[PDB]
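Q: Experimental structure and sequence below.
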Amino acid sequence: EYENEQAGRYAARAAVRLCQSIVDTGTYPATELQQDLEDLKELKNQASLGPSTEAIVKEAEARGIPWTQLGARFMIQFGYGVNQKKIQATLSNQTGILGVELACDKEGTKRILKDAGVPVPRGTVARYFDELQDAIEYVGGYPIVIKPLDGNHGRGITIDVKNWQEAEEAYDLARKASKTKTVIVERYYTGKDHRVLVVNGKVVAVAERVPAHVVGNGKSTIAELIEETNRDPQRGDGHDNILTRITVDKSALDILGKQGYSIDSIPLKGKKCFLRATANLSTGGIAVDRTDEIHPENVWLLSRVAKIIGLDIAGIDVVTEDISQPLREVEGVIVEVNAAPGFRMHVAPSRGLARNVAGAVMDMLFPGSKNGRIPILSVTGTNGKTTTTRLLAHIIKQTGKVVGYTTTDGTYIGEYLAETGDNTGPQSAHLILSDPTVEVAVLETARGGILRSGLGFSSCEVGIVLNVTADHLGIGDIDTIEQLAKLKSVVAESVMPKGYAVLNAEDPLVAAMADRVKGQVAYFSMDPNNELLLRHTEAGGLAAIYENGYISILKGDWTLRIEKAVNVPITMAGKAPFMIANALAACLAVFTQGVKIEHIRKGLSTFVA
Amino acid sequence: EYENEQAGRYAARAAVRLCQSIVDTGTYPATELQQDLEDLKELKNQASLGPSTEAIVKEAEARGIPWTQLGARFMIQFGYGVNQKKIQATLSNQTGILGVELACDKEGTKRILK
Amino acid sequence: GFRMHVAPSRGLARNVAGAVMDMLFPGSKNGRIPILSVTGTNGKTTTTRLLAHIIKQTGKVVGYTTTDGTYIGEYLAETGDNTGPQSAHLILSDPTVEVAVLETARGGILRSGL
Amino acid sequence: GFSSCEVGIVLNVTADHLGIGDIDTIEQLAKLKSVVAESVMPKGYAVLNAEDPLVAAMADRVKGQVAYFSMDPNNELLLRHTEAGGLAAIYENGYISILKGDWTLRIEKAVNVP
């Protein structure tokens, strides 16, 4: 058993080498063992997804929704056929280009939000020095924030200035950093900052950010809290854990020096003393859950903002004195909107209740108690797989559905050929199930695919087993007909509880698969006097027989005749008895899915080989 | 009547100046007239959309569907309230981020199509 | 771009804009919502508020603008607003408004029109 | 009066009044009250009180899912049921909370309920 393909193969290759080295020398060097272990760890880390992706994948697996990994851009596809959805990290196939592009433009989104009445921080553009004073009149005085018009990742932007000389030097620095000599000055808003997550137009979680700080509640200074904090298991490196190690950098040391306290200075009255002012969880900030104590008007406003920008999943930054009051009484503003936010901060608040963000996302993708599954019919057997598969496809084509079917001849999507030189393994199944237009999948499953790579799907709605004959043996580890029966039993065993297993009652080996099969069992037989079939029909039903020149279906105590068995072109007026079994199997499989009798008749009369 | 707001205001401001210059001197210099005409042409060209946008806007107007110009990124909004749609040049609000990003990656789209 | 298809220079032109507009609005439908414009000398505000309250009884989101302020359904959107085209644009651009009720004063008609 | 019910709620069983009919023992009363819990369809739910041992003993011989409600948030049976499964309700810190497995959903402050 393995969890990662490359890691599993490497471990398998290394085990035999280790055993050979032991039997050759009596012991294995420790350095080689450590090399192998670190190589395994590197392999495991390499084939790993971003934490949001594992969260969503685990949530999907908890609901029984199939998921596959596309090879293009680390995209994950949920579902099959026309019911599939795609996610990358948090962006879905429904997320718009226009909304994402607008969110990346700060001035554009600010102007859009201002036109809709949403409170936004006041600001003004200026290009000449003498105009700055006038701008100070518009913003309302001090303090102010200086930023350049064209800049990414905060190039040359100050945080807080409260007098004339610092404002002048910050403006000069920004102008020397600005590419167009023009600078926006905006009113600095003080207050607690919150990060609100909006999914499908509804607020899911609200988190309050507190800047990285220390508290002297234990009557101790930083010299001991540095080791005290290291004992918490949450601390670590990377970008997967919310609690990162406290990096005492030169900038942070200068900030705490100008903060107004010293290394040995005890906090006054027992107040938190901050180490940085960025208020970031990656830096080492603290999240607080405030989902419950939010005013309904604020929720309505945030939902309106998310709908106005045009983002299904959005992260809004708010600055307010209190989140339990409307943003009008307090001087609250909307700072920025992010199109692809991470929710690692909301899953582990570290103070409060955790919120199920992955559940909300999965509910948005699949609204009701529905999964992205499509009808699947897997046909296996020794002799007549191809004809049965083609007959099933032709019969289902009579209904207005697009049918994708794979067989020995080639892979077909509806009416037009998709692949000529294809195999009947998992590759063709993946090709069929990934098409955005296929509604019903019909797959011929040969034993070679099962032995080499196994089945390409977790479960099937209909599993047909025609017959098992030991006409060819000696391949692989299959040397006995019992082994072949066990190999063919995989299709029957991998049937969901609401599915059907269509088995041949005449063959004792195939009929022995009645047990260890979840879901209903339907028998088809060329002999209408089979004891097992009659016993099954008397208590239950759903069998198919060939009684008096007729293809009949027994639904218990009732008999439904389909065709005269001589009007079917493939039977050649009944001269070929082998094709009648395939016709019986196909008709029974189609009937188990609810297709009307007249459709089956029309499909059977028209189909040609 | 005007077709462009800035062009119309400029023409209105220029007409009275031209008439005052005529009644003051008896004629208007040709260089100033050419300057005003080229300024009007520049104003008309400045407040113009990409040809796809005029095509779609004309088609929408032929069907009596209201259209407005948003001030963010040259986006055009059709309709009112819950029945509105947005287009930039040919991208709609229904166009996905994933599809656009995949189309820009040649190797990724080739591997997907294969 | 579809400028190449509109003017093939050899063959028949194709209506790409028509196809795009059909994709945006499938049937013979437009992006219009119910609009009620109230004008008068004396009782515009009371009539507008009464209309909004009556329509609110039906399960619809109503956006209405009057002298007091611009309201989107139940929650106040703008306190210090005018009854001109600006409030109308604010009402009609909201992605949740289904019925618009607007008080139209003569000042807005004289200054900027409807 | 019905063959099956979608939701069957059993609050508590106390032997405050006995001697009627053939019900003279609290076990007989528990068996009589167990009819509602037992007559629940496989897709239904049985809402039982985890604090009462007699009511909690009805966990077996019941078709369909079982949901426990308790006034004590430290009940061992409720926590064990939530760890493997979920759908319980508790009163933890002045809150009416619902446990859906590893998640807690708070409803009311328990003092705003009249």
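A: That came through fine. Numbers count the residues shown, from 1 in each chain, chains lettered A, B, ... in the order given.
Q: Report the secondary structure state of the closest residue to chain D within the stretch 451-600 of chain A.
A: Nearest to chain D, among the residues of the stretch 451-600 of chain A, is residue A:497, at 12.0 Å (CB to the nearest CB). The C-beta positions use only the backbone N, C-alpha and C, and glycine is treated the same way. When classified by DSSP: H, G, I helix; E, B strand; the rest coil, residue A:497 comes out as strand.
Q: Quick one: neighbours of it, just the number.
A: 8 (other CB atoms under 10 Å in any protein chain shown).
Q: That one against residue A:459, yeah?
A: No - the pair residue A:497 / residue A:459 is not scored as a contact, 9.4 Å apart, by CB atoms under 8 Å.
Q: so what secondary structure elements neighbour the helix or strand encompassing residue A:45?
A: Element membership of residue A:45, judged by DSSP states H and E, is helix A:30-46. Secondary-structure packing of helix A:30-46 (3 or more CB pairs under 8 Å, 6 or more residues apart in numbering or on different chains; DSSP states H and E): helix A:5-25.
Q: The helix it packs on: which residues count as buried?
A: Neighbour-count burial for helix A:5-25 flags A:7, A:10, A:14 (criterion: 16 or more other CB atoms under 10 Å in any protein chain shown).
Q: Give me the distance from that helix to the chain's centre.
A: Distance of helix A:5-25 from its chain centroid, counting by CA atoms, centre = their mean, to the nearest Å, is 34 Å.
Q: just stretch A:204-216 next, same as before
A: Worked out by CA atoms, centre = their mean, stretch A:204-216 lies 29 Å from the chain centre.
Q: nearest to residue A:437, of the buried residues of helix A:5-25?
A: residue A:7 (36.6 Å; CB to CB).
Q: and the gap between that closest one and residue A:34?
A: Computed as CB to CB, to the nearest Å, the residue A:7 to residue A:34 distance reads 16 Å.
Q: Same question for residue A:359.
A: For residue A:359 relative to residue A:34 (CB to CB), the value is 41 Å.
Q: which of those two has more neighbours?
A: Using other CB under 10 Å as the criterion, residue A:359 and residue A:34 rank with residue A:359 on top: 18 against 10.
Q: If you drop the residues flanking it in sequence, what lies closest to the closest residue to chain D within the stretch 201-350 of chain A?
A: Closest residue of the stretch 201-350 of chain A to chain D, CB to the nearest CB: residue A:292 (5.9 Å). Spatial nearest neighbour of residue A:292, excluding adjacent residues (CB to CB, 6 or more residues apart in numbering or on different chains): residue D:106 at 5.9 Å.
Q: My read is that the one you found contacts residue A:353, right?
A: Yes - the pair residue D:106 and residue A:353 qualifies as a contact (CB under 8 Å) at a distance of 7.1 Å.
Q: what touches both of these two?
A: Contact criterion CB atoms under 8 Å, 6 or more residues apart in numbering or on different chains; residues shared by residue D:106 and residue A:353: residue A:292.
Q: right, and residue A:484 touches residue A:451 too?
A: No - contact criterion CB under 8 Å: residue A:484 and residue A:451 do not qualify, at 10.7 Å.
Q: Find the closest residue to chain C in the stretch 451-600 of chain A.
A: For the stretch 451-600 of chain A, CB to the nearest CB, closest residue to chain C: residue A:599, 30.0 Å.
Q: Check which helix or strand that residue maps to.
A: Using DSSP H and E, residue A:599 maps to helix A:597-606.
Q: With residue A:107 instead?
A: Under the criterion of DSSP H and E, residue A:107 resides in helix A:106-115.
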